[PDB]
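Presented as structure tokens, the chain that follows is alone, the form solved without its partner chain.
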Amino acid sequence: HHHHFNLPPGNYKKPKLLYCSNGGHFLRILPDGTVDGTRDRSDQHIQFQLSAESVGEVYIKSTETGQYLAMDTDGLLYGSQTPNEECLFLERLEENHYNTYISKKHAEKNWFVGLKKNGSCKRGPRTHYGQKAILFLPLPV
């Protein structure tokens, strides 16, 4: 493994909002495949259904659009119509209470899902352990 194995509690029974404390935004995948963050809890694109591939590995799917969260070769987040290797994330516990999502494909590079204070997604290589941008809190829909 390239990473630790502290896991968050809870299941994938219900859909969730993925709230980032960094700028107080909710992760969002727009219908056009665009990914970003919004402070609008009423948004129709912030609801996700997480599912486990293997223990600690998840798919994050838009319940509105059915699109999967994915990270490309250049570290950019995008919504994928079909599940692929770029859609798998290592879901881990961080700072004892938050959730982090590490790109499985790029795990050795420590590329995470993360949001800037301005609600914009971070590019893989600009992310790293220790940042606030990588911390998510799964909230009820």
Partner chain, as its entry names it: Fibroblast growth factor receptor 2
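Positions refer to the first chain, counted from 1.
In what follows, reference is made to the form deposited with its partner chain bound, a form of this protein that is not presented.
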Any chance residue 116 has a heavy atom within 4.5 Å of its partner chain in the entry with it bound?
-> yes
Would residue 78 sit within 4.5 Å of its partner chain in the entry with it bound, counting heavy atoms only?
-> no
Could you list the residues in 71-99 that come within 4.5 Å of its partner chain in the entry with it bound, counting only heavy atoms and keeping sequence order?
-> 96, 97, 98
